[PDB]
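Colleague: Experimental structure and sequence below.
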Amino acid sequence: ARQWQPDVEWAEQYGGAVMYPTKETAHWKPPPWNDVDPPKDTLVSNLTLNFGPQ
Amino acid sequence: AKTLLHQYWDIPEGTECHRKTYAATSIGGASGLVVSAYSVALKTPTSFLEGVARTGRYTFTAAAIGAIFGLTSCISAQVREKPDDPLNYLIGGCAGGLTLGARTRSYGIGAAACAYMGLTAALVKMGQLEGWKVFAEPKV
Amino acid sequence: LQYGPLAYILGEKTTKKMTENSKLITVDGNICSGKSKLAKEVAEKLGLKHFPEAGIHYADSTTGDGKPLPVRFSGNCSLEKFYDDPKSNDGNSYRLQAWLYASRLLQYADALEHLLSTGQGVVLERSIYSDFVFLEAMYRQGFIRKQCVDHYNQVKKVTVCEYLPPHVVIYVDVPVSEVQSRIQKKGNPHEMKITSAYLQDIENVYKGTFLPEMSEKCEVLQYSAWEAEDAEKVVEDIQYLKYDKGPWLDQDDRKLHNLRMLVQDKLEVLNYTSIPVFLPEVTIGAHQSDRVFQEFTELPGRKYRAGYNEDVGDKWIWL
Amino acid sequence: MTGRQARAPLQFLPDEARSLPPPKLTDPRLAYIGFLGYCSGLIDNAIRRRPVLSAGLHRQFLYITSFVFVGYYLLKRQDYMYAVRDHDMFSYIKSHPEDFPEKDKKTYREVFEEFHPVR
Amino acid sequence: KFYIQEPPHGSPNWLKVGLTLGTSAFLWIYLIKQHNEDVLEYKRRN
Amino acid sequence: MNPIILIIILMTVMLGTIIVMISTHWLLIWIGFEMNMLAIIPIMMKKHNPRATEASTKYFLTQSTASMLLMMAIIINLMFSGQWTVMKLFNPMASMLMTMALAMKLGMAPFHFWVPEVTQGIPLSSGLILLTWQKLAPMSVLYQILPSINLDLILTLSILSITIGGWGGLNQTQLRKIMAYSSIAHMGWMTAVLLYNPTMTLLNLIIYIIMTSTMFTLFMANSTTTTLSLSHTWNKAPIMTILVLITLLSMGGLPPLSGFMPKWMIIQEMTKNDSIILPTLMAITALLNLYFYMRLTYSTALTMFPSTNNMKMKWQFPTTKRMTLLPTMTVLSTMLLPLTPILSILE
Amino acid sequence: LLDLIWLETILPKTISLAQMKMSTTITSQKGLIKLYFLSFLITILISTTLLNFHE
Amino acid sequence: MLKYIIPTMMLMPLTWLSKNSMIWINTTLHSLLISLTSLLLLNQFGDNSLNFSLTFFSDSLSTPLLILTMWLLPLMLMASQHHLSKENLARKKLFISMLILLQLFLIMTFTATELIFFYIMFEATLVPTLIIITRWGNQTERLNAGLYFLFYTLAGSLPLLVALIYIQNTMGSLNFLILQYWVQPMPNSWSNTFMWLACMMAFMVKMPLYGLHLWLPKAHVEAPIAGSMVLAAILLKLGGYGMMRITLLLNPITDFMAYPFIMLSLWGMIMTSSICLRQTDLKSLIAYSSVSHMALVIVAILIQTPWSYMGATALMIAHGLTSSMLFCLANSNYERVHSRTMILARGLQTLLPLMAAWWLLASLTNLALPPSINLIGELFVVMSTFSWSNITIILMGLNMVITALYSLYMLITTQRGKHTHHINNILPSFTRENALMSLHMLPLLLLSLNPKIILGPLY
Amino acid sequence: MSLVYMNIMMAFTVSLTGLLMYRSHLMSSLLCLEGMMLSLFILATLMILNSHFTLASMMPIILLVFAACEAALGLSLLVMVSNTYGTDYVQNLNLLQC
Amino acid sequence: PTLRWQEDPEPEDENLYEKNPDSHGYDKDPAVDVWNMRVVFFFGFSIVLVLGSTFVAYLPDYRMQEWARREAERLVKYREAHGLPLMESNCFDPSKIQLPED
């Protein structure tokens, strides 16, 4: 409509965990939107007791 | 510290030379200790020998700035024979900035360091000469 | 609202509207086969208040006037265009997908409130879990690029992990040719034009992925094709089971209080609908949104808070 | 500037503030406060989706009353503060006048200025 | 009339509006009484 | 949680701050700081994500070592001149460790690393209460021990806090780290004035608290974490845009707007001393921190980003929270330029 | 050459790149805890014995 | 003066409580009646300035510029449609009320006794202008333009505050008269050098001088017509007004310490007139014309002759009118053809036939037409600087040659020779455009008749 | 001063270094905080006893009950971490990056 | 396979002509168009410009001009009548000075 607006590429430039790249910026990731990481990935171990012949 | 900056400002400027250069190398040793302490505190160098290399690099650059700046301070004050102008320290700050840029082996860092270090060294002598109070009044 | 902390402090609990009348049952079949026949039967013979199928204009008929708003606002789904051409790259599948997802989530939250107050328990039909199954099978036909599948996966990760899975799910199996006969004897032409391998992928994923991944959260009841009407069997099977699995054992009052305050202020539910990832089938530039938004304010009810709205009334804007 | 013999705590207006006059009715600063209360009520209508410039008239009246009342008492405190500051200052002026010299009003017949013409 | 099943408010309560009008008129009358007492205290002291 | 339990815990946070404000005995000050910590931990971890667990862990370690270092300062004070009067200390060493205890307490640039970490990993209510009250209460302690401070402490920590809180903030796109960097910037402005005229510092404290309460209520208008969410707040509501504009520029501090009253009077009764190079350097870095305010403004309220459908679905519903106290704090935080003679309301 | 390229390099680019590089050196902290407490420790020691504050 | 301030307050809720398709006439009529009551101000006589309501006073440094603002407001209020008529009601009313609040802080700036009040209303002039250009710029670098704009104007004008506060608590109050009648001459140590360099450097930023000038042309070419005209005329001539006020102190050192800015100003004047000889983008030439005139103004203020000050204030008023008008002609051509470049829209003598009369008239007032106010200002600046030094007249005359050359290039390239005959959307010129041409070029010719109104207080 | 006070302060600052620099576990860090508590306790107690300042003898016992409940809060937090991971290392805190 | 958008190519470049050929510059409502031309071409010229022209045409002696003419005439008649030199130097009397000496 003849007036310029920013686009997908601008609003993805305002993205990532940082604004400006570094020589280490490949390790930071943007946070999840619940601010909840995938919880443990090594979840539970209920104990397996062997009461032996003693 | 207060002691070595007071040693640096004790000597008239003026020609009582190379004490100025040694005091400026002490300035360089202190600045390098500060930067090296924070840098090895916030890097995990992996490993310690490379950390020794990093600390040695920062202290050597800061000491070289101090040494070259003290030499050009004394030499310019002896040549121009006017111990009150700030322009000799303007030349000194630009010379220190160029040698910082050359030890970092670039051009633009050296030129911008020339400009900013020259103007700030001019401000240092200019305020010490007219009289601007160190860090406080603290009165009203 | 007469809520907040003060309602839980004065009004004692919400445990007292439980249980064995109030519950969450959810009837899920394949398309146009297990429909509101069985849902109206279990509602009218189980004493349990019904909510209809989650179409598109539920957001139109859920607040203010129940007259549905046109598809420029509540769309731009074009469901019969989806059934006719689910292959056009103009964007007509995923938009409809995410809109149906928000529709399902909205009516799920409203039914959860109507469970947590007054009873009497509700029957849902085609709930949210069938919707991620729909995206899975729709990708099995190869209609949507994998990136956008990952976007829906992210929406599913964030939204579903705040709620409680329902008590029972009545799976209804109807085979290929019987669904195909019903859809080719219904009469809706853009439903006549549907394909069959998509229905097959619905069957395959809807067997192999839903039913293992319940695992006694959402206690299942698998029914055959003509096992409908047939009402006393589903009534006796709902009555004569016992509920021992799933997170609906113990809450006790605190979880239910948090869900009561989370279901109210429905923008709390909808805060995680727009992520955004920018999805070249989904995003809309600001010009179209702005002229559609001004024309949406020009609708005679929606403009500045229908509780206070002029030109319908209500003669109390305080002089 | 600490106590100043606070004995007698913060004491939102002390006993001594009754010797100066209060701010008048329709003083301009309290009128500013009243306009700001009006704008507060108007933006209060604006936050919720109720229509602005109507449907909040009792809230208009409440916000205007609350702000005008509070600002009235604050202006009374301000006048107390500046009165006691000048009173302390002139008391210490009259304490030791011999350490504050009154310099000689030299006329310009004898005050010389170095000229330096601007061309 | 024209609304379906959810007027959440807008049906005007009458506790809160009368309470607001009463406390606000009371607050005005208190400050005017205060200002009159201050003027007369001032002309009494001086 | 129960609402009973939270009203009790908020009452205890209030109780800790009132005990710190109210006492004349050093043990009561230490118990006040500790009780404030103890109660402020379960305001965090209102959810149960690992983000809050790690954030409360970091906050606990830094805060507890700050409290024990404060107790070390008190015990040095009574190894010397022995009385429990909260007044001038009698050792430059005791004053040194006490200022470093507060510099670990409320965040200064040698000691500030925990602040953005703890403010990101929590919900906004916990961040609100921690910034406002945890930066209110130790300023009372500084106001009580002002006559015995080596000025090099407050000078160094203040300048370094302004420039670190400035330079951090050019990179962060998260809202909460932006707000914490703004916090360290105002801690520098609220601390450097202290040995000159502390009425300025306490008025700056009231200004900063009102501003930050407005900001967190506007980010509780809907739960937003990035700036992109605020572009969607544009698309769903028009007046949140203009209030983010006005309050962001008031955090920036421009002279027609009420965020300039902290800078202006402080420069005045700072340079009725003859520190001039320090005020003009502070004001240059004050020009620096306005940039990330400005890029947030440019992101949302001035340009318009592309947006997403289902906001069509969001148009019908009200944004039906209760805003806690929004309008009063807005027009009391922004239009309050022509009442700078309410400086002297304080003492 | 004079207005556009050199004036934009010397006043906007120099200041802007200096602030951006100071940002990328300050905020680029890996999220570890031993590092931050070693910063605290050397700050304490360099404030005591080198740049004195207890005088 | 307070009777000139308070109806500008009450004019602000006009647009709010007027309904749609009725706001326009109301704002036009009422701001024009304010312009009559504005021209009623002119009571100034002889000995003193007219000083009242203790914050307020009027010189003849302030009377003509104040009338210029209170007359350039409704002209702009009319000028800024056809590019936001199709926008919404809310943003329309917000735009208009933002302009009105901009006017209010402008008049507060121009009638400032106390220089701290002056600085507050100075950056208050700044803050809405950014919102105007950034929301309605109608191009793609307007964002960067506003960002550069605010950081240049603030960071230049920031330490001016510290220097004024230092003045406030080393001498006494900052009434302009008690700044006068009390000013002690300050010697040439280095702190006096920094204080002078602080104040002068802040306003050097604002004018701009040559070394800080790319501030402006991006902000001009990426702005709406309202923000562009207020920006150019009122903001740059406000910077000059403020320098004319603050130069009354620090007299006996500025001779010694005000050399190098003259050299930077004159060489920047020649380089600016040369850089606007060869650009495309018609909109930019008027911005560089403004930089040329303001460099000449800066020469006029660094010298301290009453001839120089009379020529300075005349040059300010005349170039404000001229550059504002020629911006409006540039906007009319751009709304005819949505290009912003130059060489696409050739022709335009044949079509839009009496548009040529107004291009001719505006470009000759830029030319220094031989009775024009522009010529009067430039002439007395050249006279005073020749008395300053007998060698400066080469740069002045070379400025005159190149100024005439780029003015004529703008005339005979944009609007001369051949319609490009692939265009077919340009209409005849509307009545509003010719109305704005008339509203620009009646006061300039009336001031060409009797100009002794608007010359400086050193009369 | 004395002789004993120098050794107790030396023990304090060594405990402070052990609190600040710490390698792998967090339990040892909280335990060094407990040792610093002991040092402040013993220091204030010997001060008050040598002064025969009998009046405010509240200091050591109330100092220790409060820094005890500080340690209780700390143990709750550390066991929360060790629940939601496998160990209590300084690693697993590597997320939530600056 | 890539669109990134959903909006129309906007807008139609509506010149205001061809629908109201007697219109003035702005929007198509033909009553208020006459009202606008009315209000500017009366209350901008016929009561503003011409009245301002009369008001600055004559006004007092602006910056005290004709007063200074008549005062100069009286003083020069006085100075050349009574023998005294016209415009004596030393505008302040050097009897009222105390110069520094050596």
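Modeller: Yep, that arrived. Numbering: from 1, shown residues only, chains lettered A, B, ... in the order given.
Colleague: Pretty sure residue C:304 is one of the things residue D:50 touches, is it not?
Modeller: Yes: Residue D:50 lies in contact with residue C:304 (CB atoms under 8 Å); the separation is 6.8 Å. C-betas here are computed from N, CA, C, even on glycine.
Colleague: Between the two, which is the more surrounded one?
Modeller: residue D:50 (19 against 16; other CB atoms under 10 Å in any protein chain shown).
Colleague: got a list of what the more buried one touches?
Modeller: When contacts are counted by CB atoms under 8 Å, 6 or more residues apart in numbering or on different chains, residue D:50 touches C:304, C:305, C:308, D:56.
Colleague: Need the residues you listed in CSV (columns: distance to residue G:26 and secondary structure).
Modeller: Formatted as CSV, the entries for the contacts of residue D:50 read as follows, by distance: CB to CB, whole Å; DSSP: H, G, I helix; E, B strand; the rest coil:
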residue, distance to residue G:26, secondary structure
C:304, 46, coil
C:305, 46, coil
C:308, 50, coil
D:56, 47, coil
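Colleague: Please convert those residues to CSV, extending it with distance to residue F:180.
Modeller: Formatted as CSV, the entries for those read as follows, by distance: CB to CB, whole Å:
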residue, distance to residue F:180
C:304, 36
C:305, 35
C:308, 39
D:56, 36
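Colleague: for the residues you listed, which one is nearest chain J?
Modeller: For the contacts of residue D:50, the closest approach to chain J (CB to the nearest CB) belongs to residue C:304, at 25.7 Å.
Colleague: Which residue, other than its chain neighbours, is closest to residue I:90?
Modeller: The shortest distance from residue I:90 to any non-neighbouring residue, by CB to CB, 6 or more residues apart in numbering or on different chains, is to residue G:33 (5.4 Å).
Colleague: err, residue G:48, not the other one
Modeller: If the residues on either side of it in the chain are set aside, residue G:48 comes closest to residue G:54, at 6.8 Å by CB to CB, 6+ apart.
Colleague: That neighbour and residue F:99 touch, don't they?
Modeller: No: shown here, residue G:54 and residue F:99 do not form a contact pair, counting by CB under 8 Å, at 10.8 Å.
Colleague: of all of chain B, which residue lies closest to chain H?
Modeller: For chain B and chain H, the shortest gap (CB to the nearest CB) falls at residue B:130, measuring 4.7 Å.
Colleague: Give the burial count for the closest residue to that residue other than its chain neighbours, as a bare number.
Modeller: Nearest residue to residue B:130, sequence neighbours excluded (CB to CB, 6+ apart): residue H:190, at 4.7 Å. Counted with other CB under 10 Å, residues neighbouring residue H:190 total 15.
Colleague: Please state the backbone phi and psi of residue H:190?
Modeller: Here the main-chain torsion angles of residue H:190 (degrees, to the nearest 10) amount to phi -80, psi -30.
Colleague: Tell me who's in contact with residue F:208.
Modeller: Applying CB under 8 Å, 6+ apart, the residues contacting residue F:208 are F:135, F:186, F:190, F:262.
Colleague: which residues in the chain form helices?
Modeller: No chain in the question, so chain A it is. In order along the chain, chain A carries the following helices (DSSP state H): A:8-13.
Colleague: actually chain J
Modeller: Taking DSSP H, the helices of chain J run over residues J:30-43, J:49-57, J:66-81.
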